[PDB]
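Q: One structure is given below, represented as structure tokens, and several questions about it will come after.
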Amino acid sequence: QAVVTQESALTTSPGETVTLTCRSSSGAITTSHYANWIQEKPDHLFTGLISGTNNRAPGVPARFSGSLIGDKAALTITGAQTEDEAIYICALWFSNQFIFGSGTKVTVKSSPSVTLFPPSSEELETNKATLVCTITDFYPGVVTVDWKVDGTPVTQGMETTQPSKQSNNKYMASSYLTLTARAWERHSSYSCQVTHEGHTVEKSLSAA
Amino acid sequence: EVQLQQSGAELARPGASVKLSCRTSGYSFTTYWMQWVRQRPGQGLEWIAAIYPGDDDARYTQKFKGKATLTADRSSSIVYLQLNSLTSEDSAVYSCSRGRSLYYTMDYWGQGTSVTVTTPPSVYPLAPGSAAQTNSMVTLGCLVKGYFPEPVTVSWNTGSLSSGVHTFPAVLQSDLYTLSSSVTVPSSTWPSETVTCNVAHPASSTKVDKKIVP
Ligand SMILES: C[C@]12CC[C@@H]3c4ccc(O)cc4/C(=N/OCC(=O)O)C[C@H]3[C@@H]1CC[C@@H]2O
């Protein structure tokens, strides 16, 4: 096989122009390697950008350009967008199969919306009680959730996810407070508290 | 208006063999190529095989020439990729794309189907409180607790409710996953209209539709 290489990652800014190279371990990349660049977004969302070394596909912002620059095949992004943040995979033809690059990952402030949900009747019946706190619409993707019961902070029984980039180019996450039907009724209120970029947001619900 | 939709997650024992499928809509099934790529746990895409539907010309590579067969059903616009004698090695996400020629190819793809080489979930409806019903938009939810392994497929109203849907990342706690999915609708829409979340756990042949009531 002919290993294809790319740049691990690239931090860019809006408006700018970035160039991604694609170097082949077999030697000089030519028009016969029918270089193809593919854009990959969260959740295995692949999209065609350039094929046949330099042909833009239908629905591709002209800011995207493919061309052979030296022994390499490169992708040029003239006019960065926040949405243009993704993983760029180039693929070179090697007679009878495409060989892909491990991918170049390019990088390019919203308060989170908190949503609490009380235990499900059905779940309570099982003497269990799961408090759900679904956090959304935030960027940068970096928050700190804390739970409070009767204004007092609780450490045990709390499970919080990892931020996940959403199609709207914003992060989301979820936190769980595992309690017993007992504990759930034994208190006056539960507060899901999120701290993001300097300020705090908190919601509460009362077993009452 | 082009879309290639693939089948669902697949859990298989070693030595067995799965049957994946990519169906096309929006173009000449027969005058277009169909390739399959796969992505192992973090190992870049690997080329597998390709097939030309309207001329049953399937081309493989050394690597997959043995465990990979590929058929087309020109009468349903579906392409079956079958893998034989499964190994942990094969655990990956198989996707599918189309192509006209070496100059124009791999523009559109499928969401890809995950293959893994078990305990079903408990689904609980989540009715909105004062911190979910918020004036014009009310948001219902579904707690998909203690299932294994990943993934679960959560849908709302059999897919009719496509916008405002938010499935959050699962969390692991004692070899058991638990996730939550929410959907937002106009406060007039519910309880008025029915809202049901359809959870599916391929790994355990389990499917649960839970009506979310007030
Ligand atoms: C990459 C591709 C799928 C794989 C096809 C293949 C696969 C194996 C091989 O040995 C040769 C070829 C080609 N050899 O000759 C061409 C033919 O005779 O038409 C055409 C390629 C196709 C071009 C469009 C599609 O995306």
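Convention: chains lettered A, B, ... in structure tokens order; per-chain residue numbering from 1; ligands numbered from 1 as shown.
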Give me the residues of chain B that have any atom at most 10 Å from an atom of ligand 1; for each, the nearest atom pair and the distance in Å, rounded to one decimal. Use only C-alpha atoms and all ligand atoms, sort by chain and number, and format it as a tab-separated table.

A:
```
residue	atom	partner	partner_atom_place_in_ligand_line	distance
B:32	CA	ligand 1	24 (C)	7.6
B:33	CA	ligand 1	25 (C)	5.0
B:34	CA	ligand 1	26 (O)	6.6
B:35	CA	ligand 1	3 (C)	5.9
B:36	CA	ligand 1	3 (C)	9.2
B:47	CA	ligand 1	4 (C)	9.5
B:48	CA	ligand 1	4 (C)	9.6
B:49	CA	ligand 1	4 (C)	7.2
B:50	CA	ligand 1	3 (C)	5.1
B:51	CA	ligand 1	3 (C)	6.9
B:52	CA	ligand 1	3 (C)	8.0
B:57	CA	ligand 1	7 (C)	9.2
B:58	CA	ligand 1	7 (C)	7.7
B:59	CA	ligand 1	8 (C)	4.8
B:60	CA	ligand 1	8 (C)	6.3
B:61	CA	ligand 1	8 (C)	7.2
B:97	CA	ligand 1	26 (O)	8.0
B:98	CA	ligand 1	26 (O)	6.1
B:99	CA	ligand 1	26 (O)	3.7
B:100	CA	ligand 1	24 (C)	4.8
B:101	CA	ligand 1	24 (C)	3.5
B:102	CA	ligand 1	23 (C)	4.4
B:103	CA	ligand 1	24 (C)	7.6
B:104	CA	ligand 1	24 (C)	7.0
B:105	CA	ligand 1	26 (O)	4.7
B:106	CA	ligand 1	26 (O)	6.3
B:107	CA	ligand 1	26 (O)	9.4
```

Q: Would you kindly report the residues of chain A within 6 Å of chain B, using only C-alpha atoms, as a compact mmCIF listing (two decimals) with C-alpha atoms, in the first residue's frame?

A:
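After the write, selection_9.txt holds the following:
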```txt
# COMPACT_ATOMS: atom_id res chain seq x y z
CA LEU A 45 -20.88 12.94 8.26
CA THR A 47 -19.15 15.28 2.28
CA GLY A 48 -17.41 15.51 -1.07
CA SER A 51 -12.48 15.05 -6.91
CA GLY A 52 -10.31 14.52 -9.98
CA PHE A 98 -8.48 4.87 -2.91
CA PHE A 100 -6.99 7.81 2.49
CA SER A 102 -5.62 9.87 8.54
CA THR A 115 -33.48 21.97 31.04
CA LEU A 116 -34.34 19.90 34.19
CA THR A 161 -21.50 13.72 29.86
```

Q: Need to verify the contact set: region 171-186 of chain A, 7 Å, only C-alpha atoms, exclusion of same-chain residues closer than 5 positions in sequence. Can you return it as a VMD selection string?

A: (chain A and resid 124 127 to 139 141 157 to 166 207) or (chain B and resid 168 to 169)

Q: Please return as a list in words: the residues of region 52-104 of chain B that backbone DSSP assigns to strand (DSSP E).

A: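 Restricting region 52-104 of chain B to strand (DSSP E) produces residues 52, 57, 58, 59, 60, 68, 69, 70, 71, 72, 73, 78, 79, 80, 81, 82, 83, 84, 92, 93, 94, 95, 96, 97, 98 and 99 of chain B.
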
Q: Take the residues that were just selected and, keeping N, CA and C atoms, output them as a short mmCIF file (atom, residue, chain, number, x, y, z; two decimals), in the first residue's frame.

A:
```
data_model
loop_
_atom_site.label_atom_id
_atom_site.label_comp_id
_atom_site.auth_asym_id
_atom_site.auth_seq_id
_atom_site.Cartn_x
_atom_site.Cartn_y
_atom_site.Cartn_z
N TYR B 52 -20.82 -1.57 -9.71
CA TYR B 52 -21.52 -0.81 -10.72
C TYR B 52 -22.83 -1.57 -10.87
N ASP B 57 -20.89 -5.10 -12.13
CA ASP B 57 -19.43 -5.17 -12.10
C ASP B 57 -18.89 -4.75 -10.73
N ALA B 58 -18.61 -5.74 -9.88
CA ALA B 58 -18.08 -5.48 -8.55
C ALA B 58 -16.57 -5.68 -8.54
N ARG B 59 -15.84 -4.69 -8.04
CA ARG B 59 -14.38 -4.76 -7.97
C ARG B 59 -13.88 -4.69 -6.52
N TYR B 60 -13.07 -5.67 -6.13
CA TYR B 60 -12.54 -5.75 -4.78
C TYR B 60 -11.05 -5.43 -4.71
N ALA B 68 -15.40 -10.26 1.79
CA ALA B 68 -16.34 -9.26 1.32
C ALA B 68 -16.99 -9.54 -0.02
N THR B 69 -18.30 -9.71 -0.03
CA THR B 69 -19.00 -9.92 -1.29
C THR B 69 -19.93 -8.70 -1.41
N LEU B 70 -20.34 -8.37 -2.62
CA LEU B 70 -21.16 -7.19 -2.83
C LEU B 70 -22.22 -7.40 -3.91
N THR B 71 -23.49 -7.29 -3.54
CA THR B 71 -24.57 -7.46 -4.52
C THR B 71 -25.47 -6.23 -4.63
N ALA B 72 -26.16 -6.13 -5.75
CA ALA B 72 -27.05 -5.01 -5.99
C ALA B 72 -28.45 -5.51 -6.30
N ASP B 73 -29.45 -4.74 -5.91
CA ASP B 73 -30.84 -5.09 -6.18
C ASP B 73 -31.37 -3.89 -6.95
N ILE B 78 -30.85 -0.76 -3.81
CA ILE B 78 -30.15 -1.12 -2.59
C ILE B 78 -28.92 -1.97 -2.91
N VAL B 79 -27.83 -1.69 -2.21
CA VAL B 79 -26.60 -2.43 -2.40
C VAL B 79 -26.21 -3.12 -1.10
N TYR B 80 -26.08 -4.44 -1.16
CA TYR B 80 -25.70 -5.19 0.03
C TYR B 80 -24.21 -5.48 0.08
N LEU B 81 -23.61 -5.14 1.22
CA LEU B 81 -22.21 -5.41 1.46
C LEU B 81 -22.30 -6.49 2.51
N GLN B 82 -21.71 -7.64 2.24
CA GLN B 82 -21.76 -8.70 3.21
C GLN B 82 -20.35 -9.03 3.63
N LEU B 83 -20.13 -9.21 4.92
CA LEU B 83 -18.81 -9.55 5.42
C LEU B 83 -18.89 -10.92 6.09
N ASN B 84 -17.95 -11.80 5.76
CA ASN B 84 -17.95 -13.14 6.32
C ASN B 84 -16.86 -13.33 7.36
N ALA B 92 -16.11 -1.75 13.14
CA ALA B 92 -15.89 -0.40 12.61
C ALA B 92 -17.15 0.22 12.02
N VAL B 93 -17.02 1.42 11.49
CA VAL B 93 -18.16 2.08 10.88
C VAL B 93 -18.04 2.02 9.36
N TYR B 94 -18.95 1.28 8.75
CA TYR B 94 -18.94 1.14 7.31
C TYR B 94 -19.82 2.19 6.68
N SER B 95 -19.27 2.97 5.77
CA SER B 95 -20.07 3.99 5.12
C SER B 95 -20.16 3.62 3.65
N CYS B 96 -20.89 4.42 2.88
CA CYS B 96 -21.01 4.17 1.47
C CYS B 96 -21.19 5.49 0.73
N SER B 97 -20.55 5.61 -0.43
CA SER B 97 -20.64 6.82 -1.23
C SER B 97 -20.84 6.41 -2.67
N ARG B 98 -21.09 7.39 -3.54
CA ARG B 98 -21.30 7.12 -4.95
C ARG B 98 -20.22 7.80 -5.76
N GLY B 99 -20.12 7.42 -7.04
CA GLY B 99 -19.11 8.01 -7.91
C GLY B 99 -19.37 7.75 -9.38
#
```

Q: Within 8 Å of region 26-29 of chain B, which residues of region 39-152 of chain B show up? Give each one with its shortest atom-to-atom distance in Å (one decimal) and the two atoms involved, counting only C-alpha atoms, rows by chain then rising residue number, as a Markdown table.

A:
```
| residue | atom | partner | partner_atom | distance |
| --- | --- | --- | --- | --- |
| B:53 | CA | B:29 | CA | 6.5 |
| B:54 | CA | B:29 | CA | 7.1 |
| B:74 | CA | B:29 | CA | 7.1 |
| B:77 | CA | B:29 | CA | 6.1 |
```

Q: Pull N, CA, C and O atoms from the residues just selected and write them as a PDB file, in the first residue's frame.

A:
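Result saved to out20.pdb:
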```pdb
ATOM      1  N   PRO B  53     -23.892  -1.081 -10.223  1.00  0.00           N
ATOM      2  CA  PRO B  53     -25.228  -1.674 -10.238  1.00  0.00           C
ATOM      3  C   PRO B  53     -25.741  -2.142 -11.600  1.00  0.00           C
ATOM      4  O   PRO B  53     -25.982  -3.332 -11.793  1.00  0.00           O
ATOM      5  N   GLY B  54     -25.903  -1.208 -12.534  1.00  0.00           N
ATOM      6  CA  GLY B  54     -26.420  -1.551 -13.850  1.00  0.00           C
ATOM      7  C   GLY B  54     -25.436  -2.206 -14.795  1.00  0.00           C
ATOM      8  O   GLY B  54     -25.308  -1.806 -15.954  1.00  0.00           O
ATOM      9  N   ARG B  74     -31.103  -3.900  -8.253  1.00  0.00           N
ATOM     10  CA  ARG B  74     -31.502  -2.817  -9.139  1.00  0.00           C
ATOM     11  C   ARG B  74     -32.978  -2.482  -9.047  1.00  0.00           C
ATOM     12  O   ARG B  74     -33.399  -1.399  -9.451  1.00  0.00           O
ATOM     13  N   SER B  77     -33.008  -0.319  -5.530  1.00  0.00           N
ATOM     14  CA  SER B  77     -31.947   0.670  -5.400  1.00  0.00           C
ATOM     15  C   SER B  77     -31.226   0.486  -4.074  1.00  0.00           C
ATOM     16  O   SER B  77     -31.017   1.435  -3.318  1.00  0.00           O
TER      17      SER B  77
END
```

Q: Using Å and a single decimal, report how far CA of residue 191 (chain B) sits from CA of residue 201 (chain A).

A: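 Taking CA of residue 201 (chain A) and CA of residue 191 (chain B), their separation equals 28.5 Å.
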
Q: Considering only C-alpha atoms, return as JSON, numbers by chain whatever protein or nucleic-acid residues lie within 6 Å of region 33-41 of chain A, sequence-local ones (same chain, fewer than 6 positions apart) excluded.

A: {"A": [47, 48, 49, 50, 51, 52, 53, 86, 87, 88, 89, 90, 91, 92, 93]}

Q: Pick out the residues sitting within 7 Å of residue 143 (chain A), and hand them over as a PyMOL selection string; count only C-alpha atoms, and ignore anything fewer than 3 positions along from it in its own chain.

A: chain A and resi 194-196

Q: Write a file of the just-selected residues containing N, CA and C atoms, as a PDB file, in the first residue's frame.

A:
```
ATOM      1  N   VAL A 194     -24.942  25.252  36.290  1.00  0.00           N
ATOM      2  CA  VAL A 194     -23.915  25.220  35.269  1.00  0.00           C
ATOM      3  C   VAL A 194     -23.095  26.491  35.287  1.00  0.00           C
ATOM      4  N   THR A 195     -21.781  26.340  35.219  1.00  0.00           N
ATOM      5  CA  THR A 195     -20.905  27.495  35.181  1.00  0.00           C
ATOM      6  C   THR A 195     -20.194  27.464  33.841  1.00  0.00           C
ATOM      7  N   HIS A 196     -20.329  28.551  33.092  1.00  0.00           N
ATOM      8  CA  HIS A 196     -19.729  28.657  31.783  1.00  0.00           C
ATOM      9  C   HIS A 196     -19.190  30.062  31.517  1.00  0.00           C
TER      10      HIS A 196
END
```

Q: Can you list every residue in region 87-208 of chain B that DSSP puts in helix (DSSP H, G or I), as a PDB file with C-alpha atoms, in the first residue's frame?

A:
```pdb
ATOM      1  CA  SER B  88     -12.695  -7.997  16.382  1.00  0.00           C
ATOM      2  CA  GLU B  89     -10.622  -6.560  13.550  1.00  0.00           C
ATOM      3  CA  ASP B  90     -13.812  -5.828  11.632  1.00  0.00           C
ATOM      4  CA  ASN B 157     -42.999  10.111  16.325  1.00  0.00           C
ATOM      5  CA  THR B 158     -41.328   7.533  14.084  1.00  0.00           C
ATOM      6  CA  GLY B 159     -39.149  10.237  12.610  1.00  0.00           C
ATOM      7  CA  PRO B 202     -30.110  -3.224  17.794  1.00  0.00           C
ATOM      8  CA  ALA B 203     -27.714  -5.219  19.994  1.00  0.00           C
ATOM      9  CA  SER B 204     -30.599  -6.812  21.906  1.00  0.00           C
TER      10      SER B 204
END
```

Q: Record the distance separating CA of residue 101 (chain A) and CA of residue 6 (chain A), expressed in Å with one decimal.

A: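 About the pair CA of residue 101 (chain A) and CA of residue 6 (chain A): they are 6.2 Å apart.
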